[PDB]
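Colleague: Data file work-v4.txt (compact mmCIF, C-alpha atoms) is appended below.
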```
# COMPACT_ATOMS: atom_id res chain seq x y z
CA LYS A 535 -2.40 -24.63 62.32
CA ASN A 536 -5.21 -22.62 63.93
CA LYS A 537 -6.19 -21.06 60.59
CA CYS A 538 -8.60 -21.62 57.72
CA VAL A 539 -6.54 -22.99 54.82
CA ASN A 540 -6.85 -24.69 51.44
CA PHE A 541 -5.13 -28.00 52.18
CA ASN A 542 -3.98 -30.87 49.96
CA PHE A 543 -2.72 -33.85 51.99
CA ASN A 544 -1.33 -35.85 49.07
CA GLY A 545 -4.63 -35.80 47.18
CA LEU A 546 -7.00 -35.26 50.13
CA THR A 547 -8.10 -31.80 49.06
CA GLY A 548 -10.51 -29.57 50.94
CA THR A 549 -10.86 -26.47 53.07
CA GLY A 550 -11.04 -26.17 56.84
CA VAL A 551 -9.27 -25.37 60.09
CA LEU A 552 -6.25 -27.62 60.68
CA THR A 553 -5.32 -28.40 64.28
CA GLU A 554 -3.62 -31.11 66.31
CA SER A 555 -5.81 -34.17 66.90
CA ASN A 556 -6.41 -36.09 70.13
CA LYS A 557 -7.38 -39.33 68.33
CA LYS A 558 -5.23 -42.27 67.24
CA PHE A 559 -4.91 -43.52 63.66
CA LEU A 560 -3.91 -46.99 62.57
CA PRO A 561 -0.26 -47.65 61.62
CA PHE A 562 -1.24 -48.04 57.94
CA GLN A 563 -3.92 -45.31 57.93
CA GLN A 564 -3.67 -42.08 55.93
CA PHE A 565 -6.90 -40.37 57.02
CA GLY A 566 -10.29 -40.87 58.63
CA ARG A 567 -13.90 -39.84 58.14
CA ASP A 568 -17.01 -39.14 60.20
CA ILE A 569 -20.53 -40.60 59.98
CA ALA A 570 -21.18 -38.70 56.72
CA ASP A 571 -17.93 -39.87 55.07
CA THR A 572 -16.56 -36.35 55.58
CA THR A 573 -12.86 -35.84 56.28
CA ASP A 574 -12.64 -35.22 60.03
CA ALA A 575 -8.96 -35.93 60.76
CA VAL A 576 -5.87 -36.72 58.69
CA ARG A 577 -2.26 -37.79 59.09
CA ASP A 578 0.53 -35.75 57.53
CA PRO A 579 2.06 -37.38 54.40
CA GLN A 580 5.57 -36.94 55.85
CA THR A 581 5.07 -36.86 59.64
CA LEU A 582 3.36 -39.52 61.78
CA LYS B 195 -7.43 -60.79 47.78
CA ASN B 196 -6.67 -59.24 44.38
CA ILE B 197 -8.26 -55.77 44.32
CA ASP B 198 -8.01 -54.51 40.72
CA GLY B 199 -4.41 -55.73 40.68
CA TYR B 200 -3.69 -54.64 44.27
CA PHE B 201 -2.97 -57.97 45.99
CA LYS B 202 -3.85 -56.65 49.43
CA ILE B 203 -3.13 -59.01 52.33
CA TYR B 204 -4.42 -58.92 55.91
CA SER B 205 -3.14 -60.82 58.93
CA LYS B 206 -3.47 -61.40 62.67
CA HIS B 207 -1.73 -63.55 65.29
CA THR B 208 -3.31 -64.32 68.68
CA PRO B 209 -2.94 -66.91 71.45
CA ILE B 210 -5.31 -69.87 71.84
CA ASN B 211 -6.35 -72.78 74.05
CA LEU B 212 -7.09 -75.39 71.40
CA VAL B 213 -10.24 -77.51 71.83
CA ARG B 214 -11.57 -78.62 68.42
CA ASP B 215 -8.79 -77.50 66.04
CA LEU B 216 -10.60 -74.16 65.52
CA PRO B 217 -11.16 -72.05 68.67
CA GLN B 218 -14.24 -69.86 68.39
CA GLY B 219 -14.68 -66.22 69.29
CA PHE B 220 -14.07 -62.96 67.44
CA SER B 221 -11.19 -60.82 66.18
CA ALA B 222 -10.21 -58.41 63.43
CA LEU B 223 -7.54 -58.83 60.76
CA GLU B 224 -5.41 -55.77 60.00
CA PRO B 225 -3.89 -54.95 56.58
CA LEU B 226 -0.36 -56.33 56.36
CA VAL B 227 0.97 -54.87 53.09
CA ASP B 228 -0.18 -53.32 49.82
CA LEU B 229 1.09 -55.15 46.72
CA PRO B 230 0.54 -53.30 43.43
CA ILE B 231 1.23 -56.40 41.32
CA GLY B 232 -1.36 -56.05 38.57
CA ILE B 233 -1.35 -59.74 37.56
CA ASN B 234 -4.30 -62.10 37.30
CA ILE B 235 -4.45 -65.08 39.67
CA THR B 236 -6.78 -68.09 39.54
CA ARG B 237 -5.13 -70.73 41.79
CA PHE B 238 -2.71 -71.04 44.70
CA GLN B 239 -0.71 -73.57 46.70
CA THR B 240 0.80 -73.70 50.18
CA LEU B 241 4.48 -74.32 50.99
CA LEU B 242 4.73 -76.80 53.86
CA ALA B 243 7.85 -77.27 55.98
```
Can you turn what I pasted into structure tokens?
Modeller:
Amino acid sequence: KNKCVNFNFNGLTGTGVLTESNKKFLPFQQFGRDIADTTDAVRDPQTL
Amino acid sequence: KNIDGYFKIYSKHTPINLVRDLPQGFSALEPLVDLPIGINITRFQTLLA
């Protein structure tokens, strides 16, 4: 956290700054996207 | 719904005050379970109690 990293969240590849989110994801949701279909927030593959 | 073999199913359960056997309004059905079956379906039938 708090660092630029090359992440791979079980296929959701990319590069960015990972940090704890204030939003709420659905019970069956893996990730979410913004208006431009860009990965804005994700859930850990192992942790909820 | 069979989605390329994924027999995805949604669901929702809410209260009602029945008027005409189909109360009107609005809601949203959430995904219940993913089912990677991979089999073709063309008909169905209900199981009544």
Colleague: Write out as a tab-separated table the residues of chain B that have any atom within 10 Å of an atom of chain A, one row each with the nearest atom pair and its distance in Å to one decimal, counting all atoms listed in the file, sorted by chain and then rising number.
Modeller:
```
residue	atom	partner	partner_atom	distance
B:224	CA	A:562	CA	9.0
B:225	CA	A:562	CA	7.5
B:226	CA	A:562	CA	8.5
B:227	CA	A:562	CA	8.7
B:228	CA	A:562	CA	9.7
```
Colleague: Excluding range 537-544 of chain A and any residue of its chain fewer than 4 positions from it, enumerate the residues within 8 Å of it, using only C-alpha atoms, and give them as a ChimeraX atom specification.
Modeller: /A:548-552,576,578-579
Colleague: Could you tell me how far CA of residue 232 in chain B lies from CA of residue 205 in chain B, in Å and to one decimal?
Modeller: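 Calculated distance between CA of residue 232 in chain B and CA of residue 205 in chain B is 21.0 Å.
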Colleague: Enter the distance from CA of residue 582 in chain A to CA of residue 547 in chain A, in Å, rounded to one decimal.
Modeller: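 That distance, rounded to one decimal, is 18.8 Å.
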Colleague: Please compute the CA of residue 581 in chain A-CA of residue 554 in chain A distance, one decimal, in Å.
Modeller: 12.4 Å
Colleague: Would you mind listing what lies within 9 Å of range 195-197 of chain B as a VMD selection string, with all atoms listed in the file counted and same-chain residues fewer than 4 positions away left out?
Modeller: chain B and resid 201 to 204 231 to 235
Colleague: Please write the residues from the selection above to a file, keeping C-alpha atoms, as a PDB file, in the coordinates of the input.
Modeller:
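Output file out.pdb is given in full below:
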```pdb
ATOM      1  CA  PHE B 201      -2.970 -57.970  45.990  1.00  0.00           C
ATOM      2  CA  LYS B 202      -3.850 -56.650  49.430  1.00  0.00           C
ATOM      3  CA  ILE B 203      -3.130 -59.010  52.330  1.00  0.00           C
ATOM      4  CA  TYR B 204      -4.420 -58.920  55.910  1.00  0.00           C
ATOM      5  CA  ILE B 231       1.230 -56.400  41.320  1.00  0.00           C
ATOM      6  CA  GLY B 232      -1.360 -56.050  38.570  1.00  0.00           C
ATOM      7  CA  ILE B 233      -1.350 -59.740  37.560  1.00  0.00           C
ATOM      8  CA  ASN B 234      -4.300 -62.100  37.300  1.00  0.00           C
ATOM      9  CA  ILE B 235      -4.450 -65.080  39.670  1.00  0.00           C
TER      10      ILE B 235
END
```
Colleague: Quick one: 5 Å padding each side, axis-aligned, all listed atoms of range 541-549 of chain A - centre and edge lengths in Å to one decimal, as AutoDock Vina command-line options?
Modeller:
```
--center_x -6.1 --center_y -31.2 --center_z 50.1 --size_x 19.5 --size_y 19.4 --size_z 15.9
```
